[PDB]
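Undergrad: Pasting in a structure now, in structure tokens, and then I'll have a few things to ask.
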Amino acid sequence: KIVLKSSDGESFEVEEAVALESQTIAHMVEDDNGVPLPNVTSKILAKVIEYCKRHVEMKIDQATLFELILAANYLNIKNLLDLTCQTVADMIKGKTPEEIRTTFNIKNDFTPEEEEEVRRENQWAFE
Amino acid sequence: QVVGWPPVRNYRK
Amino acid sequence: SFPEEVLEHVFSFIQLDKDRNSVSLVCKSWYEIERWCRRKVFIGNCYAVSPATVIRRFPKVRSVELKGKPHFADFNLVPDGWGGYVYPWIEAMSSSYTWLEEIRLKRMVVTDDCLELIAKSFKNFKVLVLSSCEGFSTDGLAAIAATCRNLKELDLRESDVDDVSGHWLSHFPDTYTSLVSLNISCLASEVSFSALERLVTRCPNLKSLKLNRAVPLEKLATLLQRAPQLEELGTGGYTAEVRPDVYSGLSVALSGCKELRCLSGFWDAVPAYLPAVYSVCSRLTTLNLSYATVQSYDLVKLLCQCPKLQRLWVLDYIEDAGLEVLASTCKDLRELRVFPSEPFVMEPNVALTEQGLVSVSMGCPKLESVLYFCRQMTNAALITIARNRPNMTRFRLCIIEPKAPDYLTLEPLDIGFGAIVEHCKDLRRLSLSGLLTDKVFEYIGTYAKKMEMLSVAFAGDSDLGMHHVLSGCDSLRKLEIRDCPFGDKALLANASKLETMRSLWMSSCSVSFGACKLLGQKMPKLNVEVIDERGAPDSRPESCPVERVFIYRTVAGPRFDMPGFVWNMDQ
Ligand SMILES: O=P(O)(O)O[C@H]1[C@H](OP(=O)(O)O)[C@@H](OP(=O)(O)O)[C@H](OP(=O)(O)O)[C@@H](OP(=O)(O)O)[C@H]1OP(=O)(O)O
Ligand SMILES: O=C(O)Cc1cccc2ccccc12
């Protein structure tokens, strides 16, 4: 009873209660062709809908997780944002800065002198 | 005796 | 490539200090996001950093934990006025951390001005824990009571309070209902019982109530009737004329407390009233009988009722016989502390020996933390303990006579403690005593790779002993030493080790003023503090040993609040 259109221009039909799980959709609704969603792909909109259907009633890969969080944030779906953010946090826990920047493909931008000072402060003062 | 031995908080006798 | 608000939200699920620290180091972006959302700060040495530095780095802190004086302060080895003042931290937080909710302090000097400033600065203040603190009075407590409308926890664990008047407790207003935990067990002054009874009645979320000795046993049932939801109870006085009505009133009240898991207090306990507590014992997980002066058989009767016990603190009145019964009945025991009833008499007053500890090590499969005070020990006992409990994580053994050998063989206890460090691979804390040579420190250095805290007294032969520990103990964080023949050589040879540790305390050892000056020169990021009440150290030869030296790494540099008997060895 609500039609959502992905960035791919494909139409998804969902129950009103399912679409209103998104605060973003909720207020585009509180304004019919279909709710266009330029920042959410068909693949990920599908996953978001699965989630919202089930909760109205994460064994995915890294690249899909990163896109799912961005959608949950864009669509303002609080419970989904929590689950995905918890999953990413659990990738952080127990790990060294290097194992982290490895998992997340981040490059260290600290000058050796900067990182030394921060590490000394962390360990000496805050641990 | 020795000061602070045994290592307890008890008042002395 | 997450938006800032998304990373802030990932980080909200990461609350361990070590995880937060590791996050702050992945990249510059994370450094800044992490610091703006860190909720709690744990500062294990108040002089390792300045308040201004903490507040600038972490602007949104809601919970601060600070520790001041080192552990040996507990045994009168740190003179009064050494330091540990929290006022500069409160003064600094008062203008910046408007939303602060929790302050937990340990071994700090806390004044009424500090307490008055907390009350007036922090509107959402919820938790104050003062553990082994000193410097304040009931007047400061009255300011907290009067003003802190959202207070949930007021815990004065083992603090030394100036007991001006019990009237402070009357300052909690009638509109105040938020109390969850109240621990006033260290207060000498009697509070208004009517005020206390009205307070307990109007605080429905009260879960922990630990009284002082001045609440007499005959008034206890009245309070318990008002708080049947209690999970932890510290009794007041536990003595009264022996009467059926008093006993039955106490029995009924205690049996109405279904959620009690922790019991303590028992000052001046009379065996006649201890059975009142039995109905509670089936579910108890912590029992603190440290202040009860009752005899072995009375303790056994109680402990027989406690199959779920996980933590027991008891006096050596338990005896070897009582510990054999404990080993039989408390299969979930994780921690045992046996304190001395007459620590200052040399001849034993109780039949508590090494066998008690052997009994528990054999019978209690989850036993991983022991503090045990006795008058005799053997290597055979220590070896059997080590072999029985390879899961031991904290082992603290105090033989009351300094340098007592194995009483059966007259040998040092080196091999006994060597078995402990060899067999207990996850041992994080050790204190040892008895006759000990450098060889025990060789074992410690070889085997104790997870040991974080070591306490040593009247032990070893030469600097080799301290050198083995500093050289070999990979995980070492705190080392505290008294009355040992350790000095300049081991300290200087291992100077870089000290930057990996919270602190090193050495008192009545052989460390010369000359070595302290050199160590201070060499290691400008250490504060090397000579603490000596004989006046200026250079009024004596450079070779003269100092009374005490306390060494700790710091990013703040020398202290601004040293007394006249403390000197820092920097320039
Ligand atoms: O981690 P630390 O800062 O080194 O703290 C330790 C730890 O206490 P915390 O729970 O505050 O982390 C010990 O707890 P355990 O793991 O040994 O059970 C405690 O020992 P107690 O259990 O006897 O309370 C000990 O305190 P203490 O040194 O007074 O025995 C205390 O060390 P400090 O507070 O002295 O640094
Ligand atoms: O660990 C304890 O508290 C008791 C204790 C046991 C054994 C040796 C000690 C040395 C110094 C301080 C305390 C000590």
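Each residue's number is its place along the chain shown, starting with 1.
Note: Cβ is positioned from N, Cα and C throughout, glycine not excepted.
Pulled the feature table from Swiss-Prot, pasting it below:
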type	residues	note
BINDING	C:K67, C:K106, C:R107, C:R337, C:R394, C:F395, C:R396, C:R429, C:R477, C:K478, C:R502	1D-myo-inositol hexakisphosphate binding site
SITE	C:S132	site 'Interaction with auxin-responsive proteins'
SITE	C:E158	site 'Interaction with auxin-responsive proteins'
REGION	C:340-345	region 'Interaction with auxin-responsive proteins'
SITE	C:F373	site 'Interaction with auxin-responsive proteins'
BINDING	C:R396, C:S431, C:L432	(indol-3-yl)acetate binding site
REGION	C:398-402	region 'Interaction with auxin-responsive proteins'
SITE	C:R482	site 'Interaction with auxin-responsive proteins'
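Walk me through where these features lie, including what they touch and how far apart they are.
TA: In three-state terms derived from DSSP, C:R394 (1D-myo-inositol hexakisphosphate binding site) belongs to an extended strand segment. Under a cutoff of 8 A between CB atoms, and with a sequence separation of 6+ in the same chain, the neighbours of C:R394 (1D-myo-inositol hexakisphosphate binding site) are C:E368, C:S369, C:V370, C:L371, C:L427, C:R428, C:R429.
Following the DSSP three-state reduction, the secondary structure of C:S132 (site 'Interaction with auxin-responsive proteins') is coil. Proximity of C:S132 (site 'Interaction with auxin-responsive proteins') to non-local residues of its own chain (separation of 6 or more, Cβ distance below 8 Å) is seen for C:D74, C:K106, C:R107, C:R157, C:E158, C:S159, given in sequence order.
Using a 10 Å Cβ-Cβ cutoff, C:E158 (site 'Interaction with auxin-responsive proteins') registers 15 neighbours.
In the structure as shown, the Cβ atom of C:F373 (site 'Interaction with auxin-responsive proteins') sits within 10 Å of 22 other Cβ atoms.
Cβ contacts within 10 Å of C:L432 ((indol-3-yl)acetate binding site), excluding its own Cβ and spanning all protein chains shown: 26. Under DSSP, C:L432 ((indol-3-yl)acetate binding site) is assigned to a strand (E or B) in the three-state scheme.
According to DSSP, C:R482 (site 'Interaction with auxin-responsive proteins') sits within a strand segment. If you take the C-beta of C:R482 (site 'Interaction with auxin-responsive proteins') and look for same-chain residues 6 or more apart in sequence within under 8 angstroms, you find C:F72, C:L77, C:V456, C:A457, C:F458, C:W505, C:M506, C:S507, C:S508, C:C509.
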Undergrad: Listed recorded positions: C:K67, C:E158, C:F373, C:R396, C:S431, C:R502. Which have a CB under 6 angstroms from an atom of ligand 2?
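TA: The qualifying recorded positions are C:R396, C:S431.
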Undergrad: With 1D-myo-inositol hexakisphosphate as the bound species and C:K67, C:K106, C:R107, C:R337, C:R394, C:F395, C:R396, C:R429, C:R477, C:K478, C:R502 as its recorded binding residues, calculate the greatest Cα-Cα distance and give it in Å as a whole number.
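TA: Spelled out: the longest distance between any two Cα atoms in C:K67, C:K106, C:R107, C:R337, C:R394, C:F395, C:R396, C:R429, C:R477, C:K478, C:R502 is 26 Å.
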Undergrad: If we check Cα distances from C:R502 (1D-myo-inositol hexakisphosphate binding site), which of the recorded positions C:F373, C:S431, C:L432 wins as closest?
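TA: For C:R502 (1D-myo-inositol hexakisphosphate binding site), the closest Cα among C:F373, C:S431, C:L432 is found at C:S431.
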Undergrad: Under 8 Å between C-beta atoms and at least six apart in sequence, can you list the same-chain neighbours of C:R477 (1D-myo-inositol hexakisphosphate binding site), or say none if there are none?
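TA: Sequence-distant Cβ neighbours: C:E452, C:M453, C:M501, C:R502.
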Undergrad: Please identify, from the binding-site residues C:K67, C:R107, C:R396, C:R502, the residue with the sparsest Cβ neighbourhood, meaning fewest other Cβ atoms within 10 angstroms.
TA: C:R396
Undergrad: Does any of C:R107, C:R394, C:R482 have a Cβ within less than 6 Å of an atom of ligand 1? These are the recorded positions; tell me which, or none.
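TA: What lies within reach of ligand 1, judged by Cβ under 6 Å, is C:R394.
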Undergrad: For C:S431 ((indol-3-yl)acetate binding site), what is the tally of other C-beta atoms lying within 10 angstroms of its C-beta?
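TA: I get 17 for this one.
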